[PDB]
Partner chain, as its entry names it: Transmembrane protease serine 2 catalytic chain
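This document opens with one chain alone, in structure tokens, the form deposited without the partner chain.
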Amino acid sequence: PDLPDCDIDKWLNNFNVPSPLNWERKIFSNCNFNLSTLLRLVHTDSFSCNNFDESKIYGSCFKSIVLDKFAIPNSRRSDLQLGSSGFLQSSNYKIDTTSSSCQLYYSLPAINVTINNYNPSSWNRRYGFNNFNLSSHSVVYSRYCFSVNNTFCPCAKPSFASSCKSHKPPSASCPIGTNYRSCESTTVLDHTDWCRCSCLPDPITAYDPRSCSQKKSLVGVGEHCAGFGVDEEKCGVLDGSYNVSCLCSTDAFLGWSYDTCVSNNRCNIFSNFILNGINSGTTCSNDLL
């Protein structure tokens, strides 16, 4: 009634489609929507609702509709089943099973869609990461996520490393207010300056997690990935003084891979529908008179 349309269809078919690492989310409110028009305008593969009725969606009023979208890899299609523990569900996006939700399977042609990859972790971009140097129509997904606090450094103290004859790690200067990397020195069998540090191999391959500063984490409902591997033995350069900055190279970041989204010259994108306030609100539906 004297109030415009939701234009949900215009948002899903946008040529800019993000990745499960950086899945977007838009909130629809106080607008008119049509699921039948959405069904015919966009080529939808599957449409299943969890703990909800498909027939009651038509001509129903809600409070707000929460949407998600990200192009899906071909390898981890099996991760989207409810209750799974795949890479996408344990590190990229966890589906709200309790709430009344509907899962949308829609696709766009590959001749116009442009994929976007972004790193949501703050400390990931702080310590060297810039962007993803990936191919066209490439979807970046995270194997695991590591959660660190504000006082974490991947670079050791240069003063400590000045006396490490053997296995001297690359060193640099932390930003002020942060705590330096944990390291210790011993000596075994004529290795008078033997030096070892925590999280020495890849943090997934790190045998002792308690002494490791990086802690693995599970993604929740609405949260994003905590971080990457960010191997510390490649962060910085050798014989680095305080004039250099604690920066990790591109190859230091681990715990992620990629796969394409094409399927019969058509890129597939997963969408999740969350409905709030059934038989309430003002964003009603005009599927029935």
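Positions refer to the first chain, counted from 1.
Here the subject shifts to the form deposited with the partner chain bound, a form of this protein not shown in this document.
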item: The partner chain: the contacting residue among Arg125, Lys216, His137, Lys157 in the deposited bound form [heavy atom, 4.5 Å]; value: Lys216
item: Residue contact check: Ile111 to the partner chain in the deposited bound form, 4.5 Å heavy atom; value: no
item: Residue contact check: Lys94 to the partner chain in the deposited bound form, 4.5 Å heavy atom; value: yes
item: Contact label in the deposited bound form: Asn131 to the partner chain, heavy atom within 4.5 Å; value: no
item: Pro175 within 4.5 Å of the partner chain in the deposited bound form, heavy atoms; value: no
item: Answer range among 202-210, 67-75, 103-111, 117-125 for contact with the partner chain, defined in the deposited bound form as heavy atoms within 4.5 Å; value: 202-210
item: Within 72-87, the residues that have a heavy atom no more than 4.5 Å from the partner chain in the deposited bound form; value: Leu82, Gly83, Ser84, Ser85
